[PDB]
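> My file is my_file.txt. It has compact mmCIF, C-alpha atoms:
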# COMPACT_ATOMS: atom_id res chain seq x y z
CA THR A 854 -48.58 31.85 -52.04
CA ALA A 855 -45.65 33.32 -50.31
CA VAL A 856 -46.25 35.62 -47.45
CA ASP A 857 -43.31 36.94 -45.24
CA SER A 858 -43.51 34.55 -42.11
CA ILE A 859 -40.85 33.19 -39.73
CA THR A 860 -40.63 29.84 -37.88
CA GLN A 861 -41.05 29.86 -34.08
CA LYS A 862 -39.67 26.83 -32.18
CA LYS A 863 -40.35 25.53 -28.64
CA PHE A 864 -40.14 22.34 -26.56
CA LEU A 865 -42.40 20.65 -23.88
CA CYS A 866 -41.19 18.83 -20.75
CA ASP A 867 -44.21 17.29 -18.93
CA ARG A 868 -44.15 14.51 -16.40
CA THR A 869 -40.41 14.38 -16.58
CA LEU A 870 -38.14 15.83 -13.89
CA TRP A 871 -34.87 17.79 -14.10
CA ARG A 872 -31.69 15.96 -13.02
CA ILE A 873 -27.91 16.50 -12.75
CA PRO A 874 -25.61 13.96 -11.00
CA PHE A 875 -23.31 15.12 -8.18
CA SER A 876 -20.34 13.53 -9.95
CA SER A 877 -17.28 15.10 -11.59
CA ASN A 878 -17.65 12.38 -14.26
CA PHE A 879 -21.35 13.47 -14.37
CA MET A 880 -22.66 9.93 -13.76
CA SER A 881 -25.47 8.46 -11.65
CA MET A 882 -23.15 5.97 -9.92
CA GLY A 883 -24.62 5.34 -6.45
CA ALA A 884 -25.18 6.99 -3.06
CA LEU A 885 -21.63 8.29 -2.50
CA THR A 886 -21.34 10.15 -5.83
CA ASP A 887 -17.91 11.29 -7.12
CA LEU A 888 -18.05 14.93 -5.90
CA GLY A 889 -19.75 14.01 -2.59
CA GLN A 890 -16.96 11.74 -1.30
CA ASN A 891 -14.22 14.09 -2.64
CA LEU A 892 -11.48 15.84 -0.61
CA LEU A 893 -12.57 19.47 -0.02
CA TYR A 894 -16.25 18.48 0.36
CA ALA A 895 -17.88 17.35 3.66
CA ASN A 896 -15.37 19.05 6.00
CA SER A 897 -16.30 22.73 6.56
CA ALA A 898 -19.39 24.98 6.69
CA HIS A 899 -19.66 27.71 4.02
CA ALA A 900 -22.21 30.08 2.40
CA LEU A 901 -24.27 29.40 -0.76
CA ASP A 902 -25.67 31.60 -3.55
CA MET A 903 -27.46 30.26 -6.65
CA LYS B 3 7.68 28.70 18.22
CA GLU B 4 9.49 27.41 21.34
CA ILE B 5 6.18 26.95 23.20
CA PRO B 6 4.46 24.09 21.28
CA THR B 7 1.07 25.18 19.92
CA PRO B 8 -1.16 22.18 20.76
CA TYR B 9 -3.39 20.30 18.30
CA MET B 10 -5.96 17.51 18.75
CA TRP B 11 -8.41 15.57 16.54
CA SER B 12 -12.22 15.53 16.51
CA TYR B 13 -14.36 12.95 14.74
CA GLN B 14 -16.91 12.49 11.93
CA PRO B 15 -19.37 9.50 12.18
CA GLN B 16 -20.12 9.66 8.41
CA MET B 17 -16.76 8.37 7.09
CA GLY B 18 -14.31 7.49 9.89
CA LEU B 19 -11.65 10.13 9.19
CA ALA B 20 -10.37 13.15 11.16
CA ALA B 21 -12.10 16.47 10.39
CA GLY B 22 -8.86 18.39 10.99
CA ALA B 23 -5.98 19.22 13.33
CA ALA B 24 -5.73 22.94 14.13
CA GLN B 25 -3.77 25.18 16.51
CA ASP B 26 -6.85 25.67 18.64
CA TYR B 27 -7.99 28.70 20.65
CA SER B 28 -10.85 26.39 21.77
CA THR B 29 -8.49 25.75 24.79
CA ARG B 30 -5.69 28.41 24.52
CA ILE B 31 -4.64 30.60 27.48
CA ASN B 32 -5.98 33.96 28.60
CA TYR B 33 -2.94 36.07 27.43
CA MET B 34 -0.75 38.05 29.87
CA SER B 35 -2.90 36.69 32.78
CA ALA B 36 -0.17 35.55 35.06
CA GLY B 37 2.31 37.38 37.19
CA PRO B 38 5.90 38.65 36.18
CA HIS B 39 7.47 36.40 38.39
CA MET B 40 4.86 33.70 38.12
CA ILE B 41 4.79 33.91 34.27
CA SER B 42 7.56 31.28 33.95
CA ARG B 43 4.65 29.10 35.06
CA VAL B 44 2.71 29.19 31.70
CA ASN B 45 6.07 28.98 29.88
CA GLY B 46 6.58 25.75 31.89
CA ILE B 47 3.34 24.02 32.96
CA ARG B 48 1.00 25.13 30.16
CA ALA B 49 3.70 23.32 28.16
CA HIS B 50 3.14 20.50 30.71
CA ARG B 51 -0.23 19.41 29.27
CA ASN B 52 1.69 19.69 26.00
CA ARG B 53 4.29 17.30 27.51
CA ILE B 54 1.64 14.88 28.84
CA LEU B 55 -0.06 15.33 25.44
CA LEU B 56 3.01 13.50 24.08
CA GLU B 57 2.32 10.84 26.76
CA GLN B 58 -1.36 10.69 25.73
CA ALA B 59 -0.34 10.37 22.04
CA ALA B 60 1.22 6.95 22.79
CA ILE B 61 -0.78 5.61 25.79
CA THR B 62 -3.64 3.79 23.96
CA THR B 63 -3.36 5.51 20.53
CA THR B 64 -1.78 2.50 18.71
CA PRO B 65 0.77 4.25 16.38
CA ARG B 66 -0.22 4.30 12.70
CA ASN B 67 1.74 3.45 9.51
CA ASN B 68 0.96 6.85 7.97
CA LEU B 69 0.31 9.72 10.45
CA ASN B 70 -3.16 10.28 8.93
CA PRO B 71 -4.45 7.26 6.89
CA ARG B 72 -7.39 6.80 4.46
CA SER B 73 -9.17 3.45 5.01
CA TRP B 74 -8.81 1.69 8.37
CA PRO B 75 -8.44 -2.09 9.03
CA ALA B 76 -10.14 -4.16 11.79
CA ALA B 77 -7.26 -4.89 14.22
CA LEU B 78 -7.32 -3.25 17.71
CA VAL B 79 -10.05 -0.72 16.76
CA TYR B 80 -12.52 -2.47 19.15
CA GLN B 81 -14.59 -4.72 16.87
CA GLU B 82 -17.46 -5.89 19.07
CA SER B 83 -18.38 -9.58 19.06
CA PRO B 84 -21.64 -10.23 20.97
CA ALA B 85 -21.96 -13.99 21.54
CA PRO B 86 -24.52 -16.06 19.51
CA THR B 87 -27.71 -16.09 21.62
CA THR B 88 -28.63 -19.79 21.65
CA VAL B 89 -32.21 -20.93 22.27
CA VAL B 90 -33.44 -24.44 21.35
CA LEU B 91 -37.11 -24.47 20.18
CA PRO B 92 -40.39 -22.81 21.32
CA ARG B 93 -42.46 -25.75 19.98
CA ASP B 94 -41.38 -29.22 18.77
CA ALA B 95 -41.56 -30.09 15.06
CA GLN B 96 -41.27 -33.88 15.52
CA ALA B 97 -44.15 -33.93 18.05
CA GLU B 98 -46.53 -31.99 15.74
CA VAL B 99 -46.22 -33.86 12.39
CA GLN B 100 -47.38 -37.25 13.80
CA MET B 101 -50.67 -36.00 15.34
CA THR B 102 -51.97 -33.47 12.77
CA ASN B 103 -51.76 -35.90 9.82
CA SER B 104 -53.53 -38.78 11.60
CA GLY B 105 -56.08 -36.96 13.81
CA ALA B 106 -55.95 -34.19 16.43
CA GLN B 107 -55.68 -30.43 15.86
CA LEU B 108 -53.63 -28.29 18.27
CA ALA B 109 -52.84 -24.72 19.41
CA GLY B 110 -49.88 -24.37 21.80
CA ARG B 159 -41.95 -28.39 26.14
CA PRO B 160 -45.13 -29.50 24.24
CA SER B 161 -47.55 -32.36 25.06
CA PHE B 162 -46.06 -35.47 23.41
CA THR B 163 -42.28 -35.67 22.84
CA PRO B 164 -39.92 -33.17 24.59
CA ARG B 165 -36.34 -33.34 23.23
CA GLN B 166 -33.27 -31.11 22.77
CA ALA B 167 -32.28 -30.32 19.15
CA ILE B 168 -30.23 -27.17 18.47
CA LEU B 169 -28.43 -25.49 15.55
CA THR B 170 -25.73 -22.77 15.76
CA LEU B 171 -27.06 -19.20 15.37
CA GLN B 172 -23.98 -16.95 14.95
CA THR B 173 -24.72 -13.29 15.77
CA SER B 174 -21.34 -11.57 15.16
CA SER B 175 -20.75 -10.18 11.65
CA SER B 176 -18.95 -12.23 8.96
CA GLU B 177 -16.37 -9.47 8.38
CA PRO B 178 -15.79 -6.27 10.48
CA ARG B 179 -15.97 -2.62 9.32
CA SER B 180 -13.68 -1.50 6.48
CA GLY B 181 -15.40 1.91 6.17
CA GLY B 182 -14.17 3.66 9.32
CA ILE B 183 -14.36 3.95 13.08
CA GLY B 184 -16.99 2.68 15.59
CA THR B 185 -18.53 5.86 17.09
CA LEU B 186 -16.85 6.74 20.15
CA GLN B 187 -13.30 5.13 20.28
CA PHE B 188 -11.55 8.35 19.14
CA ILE B 189 -9.26 8.89 22.17
CA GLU B 190 -8.13 5.27 21.59
CA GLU B 191 -7.18 6.19 17.97
CA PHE B 192 -6.47 9.91 17.43
CA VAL B 193 -4.36 11.86 19.96
CA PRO B 194 -2.15 14.72 18.60
CA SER B 195 1.31 13.68 17.44
CA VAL B 196 2.42 17.29 17.94
CA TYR B 197 5.32 18.78 15.98
CA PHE B 198 6.47 22.02 17.67
CA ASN B 199 8.42 23.01 14.55
CA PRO B 200 5.88 24.71 12.19
CA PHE B 201 7.61 23.51 8.97
CA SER B 202 10.63 21.20 9.06
CA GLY B 203 12.49 19.86 6.00
CA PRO B 204 12.25 20.19 2.17
CA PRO B 205 8.76 20.29 0.58
CA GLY B 206 7.43 16.87 -0.50
CA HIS B 207 5.88 14.47 2.00
CA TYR B 208 7.43 16.14 5.08
CA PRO B 209 5.75 16.25 8.55
CA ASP B 210 2.41 16.91 6.82
CA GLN B 211 -1.14 15.43 7.14
CA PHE B 212 -2.98 18.34 8.82
CA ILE B 213 -5.53 19.38 6.16
CA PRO B 214 -8.62 17.13 5.58
CA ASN B 215 -8.42 17.69 1.79
CA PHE B 216 -4.74 16.63 1.78
CA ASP B 217 -4.60 13.06 0.42
CA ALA B 218 -1.60 10.69 0.28
CA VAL B 219 -2.09 10.05 -3.48
CA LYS B 220 -2.42 13.65 -4.72
CA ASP B 221 -0.03 16.38 -3.52
CA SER B 222 -2.58 19.18 -3.95
CA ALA B 223 -6.17 18.50 -5.13
CA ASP B 224 -9.76 19.85 -5.32
CA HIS C 54 -9.74 8.15 -6.87
CA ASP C 55 -8.64 7.19 -10.43
CA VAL C 56 -11.69 8.00 -12.61
CA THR C 57 -11.82 11.83 -12.51
CA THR C 58 -9.63 14.87 -13.29
CA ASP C 59 -9.28 17.98 -11.08
CA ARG C 60 -7.69 20.21 -13.75
CA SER C 61 -8.56 21.89 -17.10
CA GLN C 62 -10.37 19.51 -19.53
CA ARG C 63 -13.02 20.41 -22.32
CA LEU C 64 -16.46 18.89 -22.98
CA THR C 65 -19.01 19.54 -25.76
CA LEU C 66 -16.94 21.86 -28.25
CA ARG C 67 -17.37 23.65 -31.65
CA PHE C 68 -14.89 23.43 -34.57
CA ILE C 69 -15.22 25.73 -37.62
CA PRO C 70 -13.29 25.58 -40.96
CA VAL C 71 -11.49 28.56 -42.56
CA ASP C 72 -11.77 27.61 -46.28
CA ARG C 73 -14.93 26.38 -48.05
CA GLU C 74 -16.17 25.63 -51.59
CA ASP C 75 -19.67 26.67 -52.73
CA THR C 76 -20.91 25.26 -56.07
CA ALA C 77 -24.16 24.04 -57.73
CA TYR C 78 -24.31 20.54 -56.16
CA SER C 79 -21.17 20.19 -53.99
CA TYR C 80 -20.13 21.67 -50.62
CA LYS C 81 -16.76 20.69 -49.13
CA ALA C 82 -16.26 21.46 -45.43
CA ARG C 83 -12.52 21.22 -44.72
CA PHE C 84 -12.06 21.21 -40.93
CA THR C 85 -8.53 21.16 -39.49
CA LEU C 86 -9.69 19.10 -36.47
CA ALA C 87 -6.67 17.98 -34.43
CA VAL C 88 -7.64 16.14 -31.22
CA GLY C 89 -5.94 17.51 -28.06
CA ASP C 90 -3.14 16.08 -25.90
CA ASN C 91 -3.87 13.38 -23.26
CA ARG C 92 -7.40 12.88 -24.62
CA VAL C 93 -9.31 10.15 -26.52
CA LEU C 94 -12.42 11.00 -28.55
CA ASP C 95 -15.50 8.74 -28.84
CA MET C 96 -17.05 8.94 -32.34
CA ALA C 97 -20.73 7.98 -31.98
CA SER C 98 -20.92 11.45 -30.44
CA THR C 99 -19.02 13.51 -33.05
CA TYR C 100 -21.38 15.32 -35.44
CA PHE C 101 -21.82 18.23 -37.91
CA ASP C 102 -24.27 21.19 -38.12
CA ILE C 103 -26.24 23.22 -40.69
Render the structure in this file as structure tokens.

Amino acid sequence: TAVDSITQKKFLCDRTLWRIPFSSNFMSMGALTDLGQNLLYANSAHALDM
Amino acid sequence: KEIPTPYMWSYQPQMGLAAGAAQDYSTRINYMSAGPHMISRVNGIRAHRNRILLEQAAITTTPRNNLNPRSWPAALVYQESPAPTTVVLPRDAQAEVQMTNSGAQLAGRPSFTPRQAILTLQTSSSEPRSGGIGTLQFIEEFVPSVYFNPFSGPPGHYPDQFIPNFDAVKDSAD
Amino acid sequence: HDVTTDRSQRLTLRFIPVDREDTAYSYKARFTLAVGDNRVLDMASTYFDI
């Protein structure tokens, strides 16, 4: 038989956590990650919107 | 311009580098406060703690190779060496082995053989800090090397080193 | 200090051909993929799509 149906696709993330390194090379290097120890960062207080 | 606009430096305990040098109103004078005849005073002796600021910038400062560096060495930045606290022994090892294997049990200088036997217990660190400054020695390190000219010379590595994001390696970076 | 860039550089990109042959049992995909200036491309992470 052929009836007219379409495929629906999803994914499942369980017992895993989201993560993105604070590095400009995007690497989990250590404590003082690439963008943390950089020049403009850790000097002045600003505002944040996400 | 002719009256030098005074800077200083204030410290960050996280790295060991200066947060910034700015022409600060955090001290600057109540404008047109003085008298018309007595106004040559602030044109003279407000510039006096600018002219002892030059004295303070060389008194204990210890002049640096580059006017604002990156990673500091260990020399003359007060690296504390507390002396190895030397104590001998609370109980004696040689007096305990002989008795407990042959007979008596104990719970305790001791009873049998008192003797001096000491080893060196060095307290002071193997190598001093390479990261930055000890927490409060900032007057001893950073006192404003003030340049009364706002911008002198061609643009390159002129009298610079004011901005915290300004590195020696990169001219202009994010 | 010497690992990261602070200027314009491209990650994860899409390249599409202009001319293609469609037949009974053959499909030639003729990409004109020229790798950019001051840039080296690792090739266990260079793949196609359908």
> Find the residues of chain B in contact range of chain A, meaning any atom within 10 Å when counting only C-alpha atoms, and list them as a PyMOL selection string.
chain B and resi 14+16-17+20-22+213-217+223-224
> Output as a ChimeraX atom specification the set of chain C residues within 10 Å of chain B, with distances taken over all atoms listed in the file.
/C:54-55,58-60
> For region 883-887 of chain A, please output as JSON, numbers by chain all residues within 9 Å (counting all atoms listed in the file; exclusion window: fewer than 5 positions along the same chain).
{"A": [874, 875, 876, 877, 878], "C": [54, 56, 57]}
> Please provide the set of residues having any atom within 12 Å of residue 93 (chain B), restricted to only C-alpha atoms, with same-chain residues fewer than 2 positions apart removed, written as a list in words.
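Near neighbours after the sequence-gap exclusion: residues 89, 90, 91, 95, 96, 97, 98, 99, 108, 109, 110, 159, 160, 161, 162, 163, 164, 165, 166 and 167 of chain B.
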> Which centre and edge lengths in Å to one decimal define the box along x, y and z that fits every listed atom of region 73-88 of chain C plus 8 Å per side, as AutoDock Vina command-line options?

--center_x -15.5 --center_y 21.4 --center_z -44.5 --size_x 33.6 --size_y 26.5 --size_z 42.5
> Within 12 Å of residue 200 (chain B), counting only C-alpha atoms, which residues show up once you throw out same-chain ones fewer than 4 positions away? Write them as a ChimeraX atom specification, please.
/B:3-9,24-25,196,208-210,212
> CA of residue 94 (chain B) and CA of residue 169 (chain B) are how many Å apart?
13.9 Å
> Please determine, counting only C-alpha atoms, which residue among C:102, C:64, C:70, C:86 has the shortest atom-to-atom distance to chain A.
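Using only C-alpha atoms, the shortest distance to chain A belongs to C:64.
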> Contacts of region 42-57 of chain B at 12 Å or less, counting all atoms listed in the file, minus same-chain residues fewer than 4 places along, as a VMD selection string?
chain B and resid 3 to 10 29 to 38 61 to 63 189 192 to 198
> For a quick check of understanding, using all atoms listed in the file, which of B:191, B:88, B:182, B:83 has the smallest distance to residue 66 (chain B)?
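Closest candidate: B:191.
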> Please return as a list in words every residue within 9 Å of (-19.4, 24.9, -36.3), taking into account only C-alpha atoms and the file's own coordinates.
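The residues near that point, listed by chain and number, are residues 66, 67, 68, 69, 70, 101, 102 and 103 of chain C.
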> Find the residues around residue 89 (chain C) up to 12 Å (all atoms listed in the file counted), leave out those fewer than 2 positions away in its own chain, and share them as a compact mmCIF listing (two decimals) with C-alpha atoms, in the frame of the given file.

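Below is the file that was written, result.txt:
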# COMPACT_ATOMS: atom_id res chain seq x y z
CA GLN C 62 -10.37 19.51 -19.53
CA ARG C 63 -13.02 20.41 -22.32
CA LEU C 64 -16.46 18.89 -22.98
CA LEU C 66 -16.94 21.86 -28.25
CA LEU C 86 -9.69 19.10 -36.47
CA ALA C 87 -6.67 17.98 -34.43
CA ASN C 91 -3.87 13.38 -23.26
CA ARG C 92 -7.40 12.88 -24.62
CA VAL C 93 -9.31 10.15 -26.52
CA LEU C 94 -12.42 11.00 -28.55
> Report the distance between CA of residue 85 (chain B) and CA of residue 180 (chain B) in Å, rounded to one decimal place.
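One can read the CA of residue 85 (chain B) to CA of residue 180 (chain B) distance as 21.2 Å.
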> Would you mind reading off the distance between CA of residue 74 (chain C) and CA of residue 97 (chain C), one decimal, in Å?
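Distance reported for this atom pair: 26.8 Å.
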> Name the residues within 7 Å of (-11.7, 5.7, 11.9), counting only C-alpha atoms in the file's coordinates, and put them as a list in words.
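Neighbouring residues, ordered by chain and number, come to residues 18, 19, 74, 182 and 183 of chain B.
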> Which of these residues is nearest to chain C, using only C-alpha atoms: A:903, A:880, A:861, A:898?
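Selected residue with least distance to chain C: A:880.
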